[PDB]
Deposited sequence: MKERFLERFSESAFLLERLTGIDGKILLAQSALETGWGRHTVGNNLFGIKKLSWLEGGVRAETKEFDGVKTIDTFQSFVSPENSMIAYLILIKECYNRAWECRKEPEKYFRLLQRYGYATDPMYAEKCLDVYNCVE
């Protein structure tokens, strides 16, 4: 359920916004998209992070850990996107351009979900 998902992870997202500067709604949008509002999460991996993502799926002790791992991944491997972490449209477009996802409409979908969160 969308509301349950947001009620479970909004605090995490906005704490990480305060800590790192990323738009917390970006975190919620991408994880909602990957997991289907939390319905399909495997191994507490909210973002579909793979074991060789440092360019199968990683498992985590907690879903929050996967959130933190995601931030490390973007900061270290998608730094151009990391610089635009307060600009959702630009951010998602950069992730797609830098091959974060193979889905040719990934950024479009992220943005639609972002608008839903918002």
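Against the full deposited sequence, the model leaves out just one stretch, namely 56 to 73.
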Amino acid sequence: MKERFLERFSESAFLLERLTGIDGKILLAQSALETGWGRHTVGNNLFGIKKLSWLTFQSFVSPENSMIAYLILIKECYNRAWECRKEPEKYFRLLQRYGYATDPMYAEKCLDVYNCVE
From here on, numbers count along this sequence of modelled residues.
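For the pair 86 to 94 and 27 to 35, the mean Cα B-factor is higher in 86 to 94. Look at the C-alpha B-factors of 106 to 114 and of 7 to 15. On average they run higher in 106 to 114.
Among all modelled residues in its chain, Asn44 ranks in the middle third by Cα B-factor. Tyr78: CA B factor lies in the middle third for its chain, per the PDB record.
Residue-level temperature factors show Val61 in the middle third of its chain, judged at the C-alpha atom.
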